[PDB]
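Structure first, commentary second.
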Amino acid sequence: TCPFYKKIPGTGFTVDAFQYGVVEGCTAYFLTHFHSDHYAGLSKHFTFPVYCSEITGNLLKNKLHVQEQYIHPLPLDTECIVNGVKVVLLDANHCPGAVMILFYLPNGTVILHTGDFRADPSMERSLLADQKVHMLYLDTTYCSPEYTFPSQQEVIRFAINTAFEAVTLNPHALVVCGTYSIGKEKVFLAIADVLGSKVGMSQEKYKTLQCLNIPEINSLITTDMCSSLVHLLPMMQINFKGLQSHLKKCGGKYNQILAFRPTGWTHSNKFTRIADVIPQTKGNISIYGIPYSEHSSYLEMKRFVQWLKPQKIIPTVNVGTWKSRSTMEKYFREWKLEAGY
Ligand code: NI
C-alpha cells in the first residue's frame with residue numbers, strides 16, 4: 001500500500017507511486033525522474049495517465065515501452081491544468097529530465113514536491129519567488145551536517161586535470177568511467193572533451209543517452225569502442241578484477257587503466273579536500289572515487305528551506321527509522337528558530 005508521503009491531499013494525484021498496484025482514488029500518476037526506486041512498477045501494460053517531463057517521457061516510451069497514448073509530457077516553467085488543478089514543473093538540478101512539481105490546490109494551499117534535487121540559489125529566481133508555499137515534500141537524503149561535498153564544478157576540474165595529465169604522460173592509457181543509472185554524464189563528457197575523443201559504450205547505454213536532449217550528442221558518444229579512449233562500463237565492473245578483464249579485451253592497444261567511480265558522499269569527505277584525493281592502485285590499474293553529488297548537501301538544503309519558509313515539511317527520504325525521523329525534525333526546528341518563520 002502506498003505511503004502517505006506519496007499522496008497529494010485534495011487532489012487525485014500521487015508522486016513516484018507505481019509499485020503499489022491501482023492506488024485507490026488516483027486519477028493521474030506523476031513521475032519526477034527516471035531512477036528505478038521512483039519508476040518501480042511501470043511497463044508497456046500500464047494504462048493510467050503519467051505526467052512528466054519531455055525527457056522522462058522519451059525514456060518511458062523507448063526503455064520501458066510505455067504506450068504513447070498514456071504519456072503526458074509537460075513543458076518546464078509553464079502553468080498547466082491537470083484534471084482541474086494548476087501545476088508547474090521546475091528543473092530539480094538532479095539527473096536529466098528530473099523535476100520538482102508545484103501544485104496549486106483548489107482551496108488555496110500551495111504544495112512543492114522536490115522529487116530528488118540538488119538545491120541551488122538559482123532556484124530562488126524561478127517561479128517559486130512569486131507566491132507562498134504552505135507544504136514542502138523534501139528530498140532529505142543528506143539531511144545531517146556531516147554531509148559536506150564540493151561543487152560539481154570543482155569535482156569536474158579535478159577529473160579533467162587528472163585524466164589529461166595521465167594520458168599525456170602515457171598515450172597508451174585507457175580511461176574508464178562507471179555508470180548504472182542516468183545522471184552524472186558531465187564526468188565522462190568533460191574527460192572525453194579534454195582528450196579529443198568520443199565516449200564508447202554498449203548499445204543499451206547509447207540508446208539511453210539518445211533519449212536525453214543533450215546538444216550535439218551525436219558528436220560526443222559512440223558504440224565503436226575501438227575508436228574511443230574513454231569507455232563506459234557498469235559500476236559493478238569498476239574493481240581490479242573487472243578492469244583487468246576489460247584491458248585484456250582491448251587487444252594490446254592499451255597498457256594502463258585510469259578509472260573513475262562517481263559516488264555520492266563517502267566518509268573520506270569528513271577529512272580530505274578534493275585537491276588531496278588519491279586513487280587505489282594495483283599494478284597498472286588506478287581507481288579514483290570522486291564525490292560528484294546530484295543531491296543537496298546539508299548546507300545547500302538548509303539555505304533553500306530557510307529561503308522558502310514553508311509552514312510544514314514532509315521528508316521523503318530516510319523515513320524508515322525513528323532515529324532518522326527524530327534527527328530530521330530537530331534540524332527543521334533549528335532552521336525555523338534561527339530564521340524566524
Ligand atoms: Ni534519483
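Identifiers in the C-alpha cells: chain A, B, ... in order shown; residue index from 1 per chain; ligand index from 1 in order shown.
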
Contacts of residue 278 in chain A at 10 Å (only C-alpha atoms; same-chain gap of 3+ positions) as a ChimeraX atom specification
/A:272,274-275,281,286-290

inquiry  = I want to know what sits within 12 Å of residue 337 in chain A, based on only C-alpha atoms, with residues of the same chain fewer than 5 positions away left out; could you give that as a ChimeraX atom specification?
reply    = /A:306,309,330-332

Once you have the residues from the selection above, write them out as a short mmCIF file (atom, residue, chain, number, x, y, z; two decimals), in the first residue's frame, restricted to C-alpha atoms.
```cif
data_model
loop_
_atom_site.label_atom_id
_atom_site.label_comp_id
_atom_site.auth_asym_id
_atom_site.auth_seq_id
_atom_site.Cartn_x
_atom_site.Cartn_y
_atom_site.Cartn_z
CA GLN A 306 15.24 28.96 5.23
CA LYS A 309 9.90 29.37 4.72
CA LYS A 330 15.27 18.54 15.21
CA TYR A 331 17.07 20.20 12.30
CA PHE A 332 13.87 21.54 10.79
#
```

*Find the residues around residue 67 in chain A up to 9 Å (only C-alpha atoms counted), leave out those fewer than 5 positions away in its own chain, and share them as a ChimeraX atom specification.*
/A:43-47,60-61

*Give the residues close to ligand 1, within 12 Å, counting only C-alpha atoms and all ligand atoms; write them as a PyMOL selection string.*
chain A and resi 16+31-39+92-100+114-118+139-141+180-184+264+293-296+316-317

Requested write-out: N, CA and C atoms of the selected residues, as a compact mmCIF listing (two decimals), in the first residue's frame:
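The resulting file, part_6.txt, is shown below:
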```txt
# COMPACT_ATOMS: atom_id res chain seq x y z
N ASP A 16 5.54 9.44 -7.79
CA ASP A 16 6.54 8.33 -7.71
C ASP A 16 5.95 7.02 -7.01
N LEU A 31 5.52 11.34 -12.31
CA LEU A 31 6.86 10.74 -12.16
C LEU A 31 7.92 11.85 -12.23
N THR A 32 8.67 12.04 -11.13
CA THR A 32 9.62 13.16 -11.05
C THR A 32 10.85 12.95 -11.95
N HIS A 33 11.32 11.68 -12.09
CA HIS A 33 12.57 11.39 -12.84
C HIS A 33 12.68 9.92 -13.09
N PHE A 34 13.56 9.61 -14.02
CA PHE A 34 13.76 8.18 -14.42
C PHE A 34 14.89 7.52 -13.61
N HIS A 35 14.68 7.28 -12.31
CA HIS A 35 15.54 6.45 -11.43
C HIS A 35 14.66 5.30 -10.94
N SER A 36 15.24 4.08 -10.85
CA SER A 36 14.44 2.85 -10.66
C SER A 36 13.69 2.88 -9.34
N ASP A 37 14.20 3.45 -8.26
CA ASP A 37 13.45 3.48 -6.93
C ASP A 37 12.17 4.27 -7.11
N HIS A 38 12.12 5.18 -8.11
CA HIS A 38 10.94 6.04 -8.35
C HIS A 38 10.01 5.54 -9.41
N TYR A 39 10.50 5.00 -10.54
CA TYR A 39 9.66 4.38 -11.58
C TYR A 39 9.19 2.89 -11.34
N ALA A 92 14.96 20.25 -11.32
CA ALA A 92 15.38 19.84 -9.98
C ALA A 92 16.90 19.85 -9.83
N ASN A 93 17.72 20.18 -10.86
CA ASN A 93 19.19 20.03 -10.70
C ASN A 93 19.59 18.69 -10.11
N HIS A 94 19.00 17.64 -10.72
CA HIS A 94 19.30 16.20 -10.32
C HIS A 94 19.85 15.60 -11.59
N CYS A 95 19.26 14.57 -12.15
CA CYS A 95 19.68 13.95 -13.45
C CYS A 95 18.88 14.53 -14.61
N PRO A 96 19.21 14.17 -15.86
CA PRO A 96 18.44 14.72 -16.95
C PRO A 96 16.95 14.37 -16.91
N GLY A 97 16.11 15.43 -17.14
CA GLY A 97 14.69 15.27 -17.06
C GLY A 97 14.01 15.32 -15.69
N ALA A 98 14.85 15.47 -14.64
CA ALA A 98 14.32 15.48 -13.27
C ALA A 98 13.63 16.81 -12.94
N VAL A 99 12.47 16.74 -12.32
CA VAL A 99 11.66 17.92 -11.95
C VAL A 99 11.25 17.96 -10.51
N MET A 100 10.99 19.18 -10.02
CA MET A 100 10.14 19.46 -8.85
C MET A 100 8.73 19.81 -9.38
N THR A 114 9.78 18.26 -4.10
CA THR A 114 11.05 18.45 -4.73
C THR A 114 11.51 17.28 -5.67
N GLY A 115 10.82 16.16 -5.59
CA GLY A 115 11.38 14.91 -6.13
C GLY A 115 12.73 14.70 -5.48
N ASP A 116 13.70 14.21 -6.26
CA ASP A 116 15.13 14.23 -5.86
C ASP A 116 15.74 15.56 -6.44
N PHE A 117 16.49 16.27 -5.63
CA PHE A 117 17.06 17.57 -6.09
C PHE A 117 18.41 17.90 -5.47
N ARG A 118 19.19 18.77 -6.12
CA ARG A 118 20.34 19.41 -5.54
C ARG A 118 20.05 20.91 -5.46
N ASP A 139 13.34 16.19 -0.42
CA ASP A 139 14.44 15.17 -0.57
C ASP A 139 15.47 15.48 0.52
N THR A 140 15.40 14.65 1.60
CA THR A 140 16.22 14.69 2.78
C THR A 140 17.38 13.68 2.78
N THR A 141 17.82 13.24 1.59
CA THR A 141 18.88 12.25 1.51
C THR A 141 20.06 12.55 2.42
N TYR A 180 25.54 3.34 -13.66
CA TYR A 180 24.41 2.36 -13.53
C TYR A 180 23.00 2.93 -13.70
N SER A 181 22.94 4.24 -13.91
CA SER A 181 21.66 4.94 -14.00
C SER A 181 21.96 6.17 -14.85
N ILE A 182 20.96 6.88 -15.32
CA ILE A 182 21.18 8.22 -15.82
C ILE A 182 21.62 9.17 -14.71
N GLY A 183 22.16 10.31 -15.09
CA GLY A 183 22.83 11.23 -14.16
C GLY A 183 24.33 11.19 -14.24
N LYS A 184 24.96 12.34 -13.93
CA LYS A 184 26.44 12.44 -13.78
C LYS A 184 27.19 12.32 -15.13
N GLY A 264 28.12 9.22 -4.48
CA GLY A 264 27.68 10.44 -3.76
C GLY A 264 28.72 10.70 -2.66
N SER A 293 28.02 14.72 -6.45
CA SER A 293 26.63 14.53 -5.91
C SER A 293 25.59 15.19 -6.77
N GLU A 294 24.48 14.51 -7.01
CA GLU A 294 23.23 15.12 -7.59
C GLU A 294 22.08 15.29 -6.52
N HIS A 295 22.51 15.25 -5.25
CA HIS A 295 21.63 15.66 -4.15
C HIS A 295 22.19 16.80 -3.31
N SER A 296 21.30 17.57 -2.65
CA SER A 296 21.74 18.70 -1.82
C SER A 296 22.74 18.27 -0.75
N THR A 316 10.83 12.87 2.45
CA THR A 316 10.57 11.79 1.52
C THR A 316 11.73 10.68 1.54
N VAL A 317 12.81 10.94 2.25
CA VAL A 317 13.98 10.07 2.31
C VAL A 317 14.45 9.92 3.77
```

Legend entry - Nearest to residue 232 in chain A by atom-to-atom distance, counting only C-alpha atoms, from A:192, A:40, A:81, A:169: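 Closest to residue 232 in chain A of all the choices is A:192.
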
Near-residue 311 in chain A list (10 Å; only C-alpha atoms; drop same-chain fewer than 2 positions) as a PyMOL selection string: chain A and resi 132-136+308-309+313+336+341

>> List the spatial neighbours of range 142-153 of chain A as a ChimeraX atom specification - criterion: any atom at most 6 Å away, only C-alpha atoms, same-chain residues fewer than 2 positions off excluded.
In response: /A:140,155-156,297-298

message: Which residues are close to residue 255 in chain A, i.e. within 7 Å by only C-alpha atoms, leaving aside same-chain residues fewer than 3 positions away? Reply as a list in words.
response: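 That gives residues 172, 173 and 252 of chain A.
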
- Task: Would you return as a ChimeraX atom specification the members of range 189-249 of chain A that DSSP assigns to helix (DSSP H, G or I) on this structure's backbone?
- Result: /A:189-195,203-210,217-219,225-227,235-237,240-249

- [ ] Might you pull out every residue within 10 Å of residue 51 in chain A, with only C-alpha atoms counted and same-chain residues fewer than 4 positions away left off, and present them as a PyMOL selection string?
- [x] chain A and resi 15+28-32+56-57+70-74+82

*Tell me, which residues of range 76-258 of chain A carry DSSP strand (DSSP E), written as an MDAnalysis selection string?*
chainID A and resid 80:82 85:91 99:104 110:113 135:138 173:179 199:200 221:222 230:234 256:258
